[PDB]
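Here is the structure we will look at.
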Amino acid sequence: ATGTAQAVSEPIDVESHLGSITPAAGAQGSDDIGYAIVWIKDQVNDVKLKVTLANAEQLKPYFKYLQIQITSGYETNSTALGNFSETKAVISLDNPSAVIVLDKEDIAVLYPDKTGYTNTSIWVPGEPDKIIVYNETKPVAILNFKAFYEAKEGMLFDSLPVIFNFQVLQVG
């Protein structure tokens, strides 16, 4: 039922890349709240990960609504490898938790020959500056999170740090 971090680290590694929310003066917008990295020791078939916004109640009082979309994918300079971006799940203040399913195709592939030109980089979709791996090949899965929100009128507030919760549902 419950048991997070009890005996030694898990066979897989998770890296939470979190960003904060800032109000903008105009009408409404969307911003990247952060991303998550799944370090695969060696070729995986699938992975189930549930994400739940634990800090929602904390930042909810000054917003009208918050919608967080989870995207699985990659970006590279070499089009020959052909990447793909697809939304796996969208959570909201009404649905703080959702199930995430990673595909083997989402897992990066290593090339002993390094086809597609050497010395290339891989980054989160839409962000070339968000380089995950450069001049190195290791299978990992990246999950991007985009938030949809509008600050409620009349409230003065500072930036909100984002907190996400992860619970392993099943592996392999």
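Each chain in the structure tokens gets a letter, A, B, ..., in the order shown, and its residues are numbered from 1; ligands are numbered from 1 in order too.
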
Polymer residues at most 7 Å from segment 72-74 of chain A, only C-alpha atoms, same-chain spacing of 2 or more positions, as a ChimeraX atom specification: /A:70,76,83-88,106,122-125,142-144

Given the selection you just returned, output its residues as a file containing N, CA and C atoms, formatted as an mmCIF file, in the first residue's frame.
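Now in out33.cif:
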data_model
loop_
_atom_site.group_PDB
_atom_site.id
_atom_site.type_symbol
_atom_site.label_atom_id
_atom_site.label_comp_id
_atom_site.auth_asym_id
_atom_site.auth_seq_id
_atom_site.Cartn_x
_atom_site.Cartn_y
_atom_site.Cartn_z
ATOM 1 N N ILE A 70 1.531 16.090 -19.497
ATOM 2 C CA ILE A 70 2.763 15.303 -19.515
ATOM 3 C C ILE A 70 3.077 14.838 -20.951
ATOM 4 N N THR A 76 16.492 16.091 -31.496
ATOM 5 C CA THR A 76 17.887 15.968 -31.870
ATOM 6 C C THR A 76 18.164 16.771 -33.141
ATOM 7 N N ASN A 83 12.546 11.388 -34.356
ATOM 8 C CA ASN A 83 12.022 11.329 -32.995
ATOM 9 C C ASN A 83 10.507 11.508 -33.005
ATOM 10 N N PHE A 84 9.881 11.438 -31.831
ATOM 11 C CA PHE A 84 8.431 11.589 -31.746
ATOM 12 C C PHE A 84 7.993 12.182 -30.405
ATOM 13 N N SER A 85 7.032 13.103 -30.462
ATOM 14 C CA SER A 85 6.489 13.734 -29.263
ATOM 15 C C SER A 85 5.000 13.417 -29.150
ATOM 16 N N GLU A 86 4.564 12.935 -27.984
ATOM 17 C CA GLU A 86 3.170 12.576 -27.797
ATOM 18 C C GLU A 86 2.776 12.746 -26.346
ATOM 19 N N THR A 87 1.609 13.320 -26.111
ATOM 20 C CA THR A 87 1.145 13.507 -24.753
ATOM 21 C C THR A 87 0.637 12.186 -24.194
ATOM 22 N N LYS A 88 1.112 11.828 -23.010
ATOM 23 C CA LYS A 88 0.714 10.580 -22.380
ATOM 24 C C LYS A 88 -0.394 10.804 -21.368
ATOM 25 N N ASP A 106 9.963 5.031 -26.913
ATOM 26 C CA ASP A 106 10.260 6.302 -26.269
ATOM 27 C C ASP A 106 11.669 6.252 -25.687
ATOM 28 N N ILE A 122 20.983 15.488 -27.475
ATOM 29 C CA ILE A 122 19.580 15.150 -27.338
ATOM 30 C C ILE A 122 18.953 16.062 -26.281
ATOM 31 N N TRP A 123 17.773 16.587 -26.575
ATOM 32 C CA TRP A 123 17.105 17.517 -25.671
ATOM 33 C C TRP A 123 15.602 17.344 -25.625
ATOM 34 N N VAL A 124 15.013 17.897 -24.572
ATOM 35 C CA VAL A 124 13.569 17.819 -24.374
ATOM 36 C C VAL A 124 12.867 18.546 -25.522
ATOM 37 N N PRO A 125 11.747 18.000 -26.034
ATOM 38 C CA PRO A 125 11.031 18.601 -27.159
ATOM 39 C C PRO A 125 10.734 20.079 -26.965
ATOM 40 N N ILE A 142 12.545 10.680 -21.072
ATOM 41 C CA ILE A 142 12.263 12.026 -20.585
ATOM 42 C C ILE A 142 10.784 12.362 -20.669
ATOM 43 N N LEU A 143 10.272 12.897 -19.565
ATOM 44 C CA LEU A 143 8.884 13.286 -19.471
ATOM 45 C C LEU A 143 8.809 14.775 -19.253
ATOM 46 N N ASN A 144 8.101 15.425 -20.147
ATOM 47 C CA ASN A 144 7.962 16.862 -20.113
ATOM 48 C C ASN A 144 6.611 17.234 -19.530
#

Can you tell me, as a tab-separated table (two decimals) with N, CA, C and O atoms, in the first residue's frame, what residues are no more than 12 Å from residue 132 of chain A when counting only C-alpha atoms, ignoring any on the same chain fewer than 2 positions away?
chain	number	residue	atom	x	y	z
A	15	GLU	N	14.87	11.68	-12.08
A	15	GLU	CA	15.44	12.99	-11.81
A	15	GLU	C	14.37	14.04	-12.03
A	15	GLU	O	13.91	14.24	-13.16
A	17	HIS	N	13.06	17.51	-12.63
A	17	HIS	CA	13.42	18.84	-13.11
A	17	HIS	C	12.22	19.74	-12.91
A	17	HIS	O	11.28	19.70	-13.71
A	35	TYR	N	10.34	18.84	-15.96
A	35	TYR	CA	10.42	17.54	-16.61
A	35	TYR	C	11.00	16.47	-15.67
A	35	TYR	O	11.58	16.79	-14.63
A	36	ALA	N	10.84	15.21	-16.05
A	36	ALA	CA	11.33	14.06	-15.29
A	36	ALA	C	12.15	13.14	-16.19
A	36	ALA	O	11.81	12.94	-17.35
A	37	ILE	N	13.21	12.59	-15.63
A	37	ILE	CA	14.10	11.72	-16.38
A	37	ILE	C	14.11	10.30	-15.81
A	37	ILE	O	14.25	10.10	-14.61
A	38	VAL	N	13.95	9.31	-16.70
A	38	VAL	CA	13.96	7.91	-16.29
A	38	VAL	C	15.21	7.22	-16.82
A	38	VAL	O	15.34	7.00	-18.02
A	39	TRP	N	16.12	6.85	-15.92
A	39	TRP	CA	17.37	6.24	-16.30
A	39	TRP	C	17.26	4.74	-16.37
A	39	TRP	O	17.17	4.05	-15.35
A	73	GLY	N	8.95	12.29	-25.05
A	73	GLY	CA	9.61	12.45	-26.34
A	73	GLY	C	11.07	12.87	-26.26
A	73	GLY	O	11.72	12.76	-25.22
A	74	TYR	N	11.57	13.35	-27.41
A	74	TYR	CA	12.96	13.78	-27.55
A	74	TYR	C	13.13	14.70	-28.77
A	74	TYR	O	12.24	14.79	-29.62
A	75	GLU	N	14.27	15.38	-28.84
A	75	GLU	CA	14.62	16.22	-29.97
A	75	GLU	C	16.12	16.10	-30.23
A	75	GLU	O	16.91	16.03	-29.30
A	76	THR	N	16.49	16.09	-31.50
A	76	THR	CA	17.89	15.97	-31.87
A	76	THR	C	18.16	16.77	-33.14
A	76	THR	O	17.23	17.16	-33.85
A	108	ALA	N	15.50	5.86	-25.68
A	108	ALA	CA	16.52	6.15	-26.68
A	108	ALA	C	17.30	4.90	-27.06
A	108	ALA	O	17.54	4.03	-26.22
A	120	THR	N	26.66	14.66	-31.35
A	120	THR	CA	25.33	15.25	-31.42
A	120	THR	C	24.70	15.29	-30.03
A	120	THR	O	25.18	14.63	-29.11
A	121	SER	N	23.64	16.08	-29.87
A	121	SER	CA	23.00	16.20	-28.56
A	121	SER	C	21.51	15.87	-28.62
A	121	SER	O	20.88	15.97	-29.67
A	122	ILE	N	20.98	15.49	-27.48
A	122	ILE	CA	19.58	15.15	-27.34
A	122	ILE	C	18.95	16.06	-26.28
A	122	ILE	O	19.53	16.28	-25.22
A	123	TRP	N	17.77	16.59	-26.58
A	123	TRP	CA	17.11	17.52	-25.67
A	123	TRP	C	15.60	17.34	-25.63
A	123	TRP	O	15.00	16.73	-26.51
A	124	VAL	N	15.01	17.90	-24.57
A	124	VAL	CA	13.57	17.82	-24.37
A	124	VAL	C	12.87	18.55	-25.52
A	124	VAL	O	13.32	19.61	-25.95
A	125	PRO	N	11.75	18.00	-26.03
A	125	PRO	CA	11.03	18.60	-27.16
A	125	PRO	C	10.73	20.08	-26.96
A	125	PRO	O	10.19	20.49	-25.94
A	127	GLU	N	12.88	22.35	-26.53
A	127	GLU	CA	13.96	23.03	-25.83
A	127	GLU	C	15.34	22.49	-26.23
A	127	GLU	O	15.79	21.49	-25.68
A	128	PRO	N	16.04	23.16	-27.17
A	128	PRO	CA	17.41	22.78	-27.54
A	128	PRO	C	18.40	23.08	-26.42
A	128	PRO	O	19.43	22.41	-26.30
A	129	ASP	N	18.09	24.09	-25.61
A	129	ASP	CA	18.95	24.46	-24.49
A	129	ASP	C	18.85	23.45	-23.34
A	129	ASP	O	19.69	23.44	-22.44
A	130	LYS	N	17.82	22.61	-23.37
A	130	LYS	CA	17.61	21.60	-22.34
A	130	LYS	C	18.27	20.28	-22.74
A	130	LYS	O	17.61	19.25	-22.86
A	134	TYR	N	25.03	14.69	-24.21
A	134	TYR	CA	25.88	15.16	-25.30
A	134	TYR	C	27.16	14.33	-25.38
A	134	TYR	O	27.83	14.10	-24.38
A	135	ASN	N	27.49	13.87	-26.59
A	135	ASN	CA	28.69	13.07	-26.80
A	135	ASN	C	28.70	11.79	-25.95
A	135	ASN	O	29.76	11.24	-25.66
A	136	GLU	N	27.52	11.33	-25.56
A	136	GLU	CA	27.40	10.12	-24.76
A	136	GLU	C	26.09	9.40	-25.07
A	136	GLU	O	25.07	10.05	-25.28
A	137	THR	N	26.12	8.07	-25.09
A	137	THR	CA	24.91	7.31	-25.39
A	137	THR	C	24.47	6.44	-24.19
A	137	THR	O	25.18	5.52	-23.80
A	138	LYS	N	23.30	6.74	-23.61
A	138	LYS	CA	22.76	5.97	-22.49
A	138	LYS	C	21.24	5.99	-22.58
A	138	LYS	O	20.65	7.06	-22.74
A	139	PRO	N	20.56	4.83	-22.49
A	139	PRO	CA	19.10	4.82	-22.60
A	139	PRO	C	18.42	5.44	-21.38
A	139	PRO	O	18.65	5.04	-20.24
A	140	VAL	N	17.58	6.43	-21.66
A	140	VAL	CA	16.82	7.13	-20.64
A	140	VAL	C	15.52	7.64	-21.23
A	140	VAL	O	15.41	7.80	-22.45
A	141	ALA	N	14.54	7.89	-20.39
A	141	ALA	CA	13.25	8.38	-20.85
A	141	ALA	C	12.95	9.73	-20.24
A	141	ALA	O	13.08	9.92	-19.03
A	142	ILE	N	12.55	10.68	-21.07
A	142	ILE	CA	12.26	12.03	-20.59
A	142	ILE	C	10.78	12.36	-20.67
A	142	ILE	O	10.14	12.17	-21.71
A	143	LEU	N	10.27	12.90	-19.57
A	143	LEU	CA	8.88	13.29	-19.47
A	143	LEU	C	8.81	14.78	-19.25
A	143	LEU	O	9.38	15.32	-18.30

Within 9 Å of residue 69 of chain A using only C-alpha atoms, minus same-chain residues under 6 positions, as an MDAnalysis selection string: chainID A and resid 87:92 144:148

Filtered DSSP result for segment 24-114 of chain A, state strand (DSSP E or B), as JSON, numbers by chain: {"A": [29, 30, 31, 32, 33, 34, 35, 36, 37, 38, 39, 46, 47, 48, 49, 50, 51, 52, 53, 63, 64, 65, 66, 67, 68, 69, 70, 71, 72, 75, 76, 86, 87, 88, 89, 90, 91, 92, 95, 97, 98, 99, 100, 101, 102, 103]}

Written selection (N, CA and C atoms) as a short mmCIF file (atom, residue, chain, number, x, y, z; two decimals), in the first residue's frame:
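Listing of again.cif after writing:
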data_model
loop_
_atom_site.label_atom_id
_atom_site.label_comp_id
_atom_site.auth_asym_id
_atom_site.auth_seq_id
_atom_site.Cartn_x
_atom_site.Cartn_y
_atom_site.Cartn_z
N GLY A 29 -1.83 32.41 -20.19
CA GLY A 29 -0.76 31.77 -20.93
C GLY A 29 -0.44 30.38 -20.43
N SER A 30 0.58 29.77 -21.02
CA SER A 30 1.02 28.43 -20.66
C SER A 30 2.53 28.43 -20.47
N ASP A 31 3.00 27.66 -19.50
CA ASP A 31 4.43 27.61 -19.21
C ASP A 31 4.90 26.20 -18.84
N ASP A 32 6.19 25.95 -19.03
CA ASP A 32 6.79 24.67 -18.71
C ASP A 32 7.07 24.59 -17.21
N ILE A 33 6.40 23.68 -16.52
CA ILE A 33 6.59 23.53 -15.08
C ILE A 33 7.79 22.64 -14.75
N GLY A 34 8.27 21.87 -15.72
CA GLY A 34 9.42 21.02 -15.48
C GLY A 34 9.37 19.71 -16.23
N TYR A 35 10.34 18.84 -15.96
CA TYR A 35 10.42 17.54 -16.61
C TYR A 35 11.00 16.47 -15.67
N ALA A 36 10.84 15.21 -16.05
CA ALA A 36 11.33 14.06 -15.29
C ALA A 36 12.15 13.14 -16.19
N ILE A 37 13.21 12.59 -15.63
CA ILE A 37 14.10 11.72 -16.38
C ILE A 37 14.11 10.30 -15.81
N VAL A 38 13.95 9.31 -16.70
CA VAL A 38 13.96 7.91 -16.29
C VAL A 38 15.21 7.22 -16.82
N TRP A 39 16.12 6.85 -15.92
CA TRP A 39 17.37 6.24 -16.30
C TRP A 39 17.26 4.74 -16.37
N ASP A 46 8.42 -1.43 -21.01
CA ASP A 46 7.46 -0.44 -20.59
C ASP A 46 7.65 -0.04 -19.13
N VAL A 47 7.08 1.11 -18.77
CA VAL A 47 7.17 1.62 -17.41
C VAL A 47 5.93 2.42 -17.04
N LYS A 48 5.35 2.09 -15.89
CA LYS A 48 4.16 2.78 -15.40
C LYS A 48 4.53 3.72 -14.27
N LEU A 49 4.25 5.00 -14.45
CA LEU A 49 4.56 6.00 -13.45
C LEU A 49 3.39 6.94 -13.23
N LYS A 50 2.98 7.05 -11.99
CA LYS A 50 1.88 7.92 -11.61
C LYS A 50 2.42 9.22 -11.03
N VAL A 51 1.95 10.34 -11.57
CA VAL A 51 2.38 11.64 -11.10
C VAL A 51 1.22 12.33 -10.40
N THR A 52 1.47 12.88 -9.22
CA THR A 52 0.41 13.54 -8.47
C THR A 52 0.89 14.87 -7.92
N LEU A 53 0.16 15.94 -8.22
CA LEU A 53 0.54 17.25 -7.74
C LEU A 53 0.18 17.42 -6.27
N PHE A 63 -4.63 31.06 -8.26
CA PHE A 63 -4.94 30.78 -9.67
C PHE A 63 -6.41 30.48 -9.89
N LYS A 64 -6.86 30.71 -11.11
CA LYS A 64 -8.23 30.42 -11.49
C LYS A 64 -8.32 28.94 -11.84
N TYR A 65 -7.27 28.44 -12.50
CA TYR A 65 -7.21 27.03 -12.88
C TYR A 65 -5.82 26.65 -13.38
N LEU A 66 -5.45 25.39 -13.14
CA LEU A 66 -4.14 24.87 -13.55
C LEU A 66 -4.27 23.52 -14.25
N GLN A 67 -3.76 23.43 -15.47
CA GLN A 67 -3.79 22.19 -16.22
C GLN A 67 -2.37 21.76 -16.60
N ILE A 68 -1.95 20.61 -16.12
CA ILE A 68 -0.61 20.09 -16.37
C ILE A 68 -0.62 18.89 -17.30
N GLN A 69 0.05 19.09 -18.42
CA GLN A 69 0.15 18.09 -19.50
C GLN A 69 1.53 17.42 -19.50
N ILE A 70 1.53 16.09 -19.50
CA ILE A 70 2.76 15.30 -19.52
C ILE A 70 3.08 14.84 -20.95
N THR A 71 4.26 15.17 -21.48
CA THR A 71 4.63 14.78 -22.82
C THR A 71 5.87 13.89 -22.81
N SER A 72 5.83 12.81 -23.58
CA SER A 72 6.96 11.89 -23.68
C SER A 72 7.63 12.05 -25.03
N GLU A 75 14.27 15.38 -28.84
CA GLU A 75 14.62 16.22 -29.97
C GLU A 75 16.12 16.10 -30.23
N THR A 76 16.49 16.09 -31.50
CA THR A 76 17.89 15.97 -31.87
C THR A 76 18.16 16.77 -33.14
N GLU A 86 4.56 12.94 -27.98
CA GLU A 86 3.17 12.58 -27.80
C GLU A 86 2.78 12.75 -26.35
N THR A 87 1.61 13.32 -26.11
CA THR A 87 1.15 13.51 -24.75
C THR A 87 0.64 12.19 -24.19
N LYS A 88 1.11 11.83 -23.01
CA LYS A 88 0.71 10.58 -22.38
C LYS A 88 -0.39 10.80 -21.37
N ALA A 89 -0.39 11.97 -20.73
CA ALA A 89 -1.41 12.26 -19.73
C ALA A 89 -1.42 13.72 -19.29
N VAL A 90 -2.62 14.22 -19.00
CA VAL A 90 -2.82 15.57 -18.53
C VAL A 90 -3.57 15.59 -17.19
N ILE A 91 -2.92 16.17 -16.20
CA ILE A 91 -3.47 16.31 -14.86
C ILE A 91 -3.94 17.74 -14.63
N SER A 92 -4.91 17.89 -13.75
CA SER A 92 -5.48 19.19 -13.43
C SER A 92 -5.87 19.26 -11.99
N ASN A 95 -8.08 16.72 -11.29
CA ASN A 95 -7.48 15.39 -11.38
C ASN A 95 -5.97 15.53 -11.14
N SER A 97 -3.81 13.50 -9.96
CA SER A 97 -3.01 12.31 -10.22
C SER A 97 -3.42 11.63 -11.52
N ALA A 98 -2.42 11.11 -12.21
CA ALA A 98 -2.63 10.41 -13.48
C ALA A 98 -1.59 9.31 -13.68
N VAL A 99 -1.92 8.34 -14.53
CA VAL A 99 -1.02 7.23 -14.83
C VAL A 99 -0.20 7.52 -16.09
N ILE A 100 1.10 7.25 -16.03
CA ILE A 100 1.98 7.50 -17.17
C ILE A 100 2.58 6.20 -17.69
N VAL A 101 2.51 6.00 -19.00
CA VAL A 101 3.05 4.79 -19.62
C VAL A 101 4.14 5.12 -20.64
N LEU A 102 5.36 4.65 -20.36
CA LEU A 102 6.49 4.88 -21.26
C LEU A 102 6.66 3.70 -22.20
N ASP A 103 6.95 3.98 -23.47
CA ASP A 103 7.12 2.92 -24.46
C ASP A 103 8.58 2.64 -24.74
#

12 Å contact set for residue 153 of chain A, only C-alpha atoms, chain neighbours under 6 positions out, as a ChimeraX atom specification: /A:23-28,61-65

Compile the contact shell of segment 2-8 of chain A as a CSV table (one decimal) with N, CA and C atoms, in the first residue's frame: residues with an atom at most 12 Å away, counting only C-alpha atoms, same-chain residues fewer than 3 positions apart removed.
chain,number,residue,atom,x,y,z
A,11,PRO,N,16.1,0.1,-8.8
A,11,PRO,CA,16.9,-0.3,-10.0
A,11,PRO,C,16.9,0.8,-11.1
A,12,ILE,N,15.9,1.7,-11.0
A,12,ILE,CA,15.8,2.8,-12.0
A,12,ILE,C,16.0,4.1,-11.3
A,13,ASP,N,16.5,5.1,-12.0
A,13,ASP,CA,16.7,6.4,-11.5
A,13,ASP,C,15.8,7.5,-12.1
A,165,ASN,N,4.7,14.3,-7.1
A,165,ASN,CA,4.9,13.0,-6.4
A,165,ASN,C,4.9,11.9,-7.4
A,166,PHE,N,5.8,10.9,-7.2
A,166,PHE,CA,5.9,9.8,-8.1
A,166,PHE,C,5.8,8.4,-7.4
A,167,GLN,N,4.9,7.6,-7.9
A,167,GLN,CA,4.7,6.3,-7.3
A,167,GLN,C,4.8,5.2,-8.4
A,168,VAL,N,5.7,4.2,-8.3
A,168,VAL,CA,5.8,3.1,-9.2
A,168,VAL,C,4.7,2.2,-9.1
A,169,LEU,N,3.9,2.0,-10.2
A,169,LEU,CA,2.8,1.1,-10.3
A,169,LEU,C,3.2,-0.3,-10.7

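When atom CA of residue 150 of chain A is paired with atom CA of residue 96 of chain A, their separation reads 17.1 Å.
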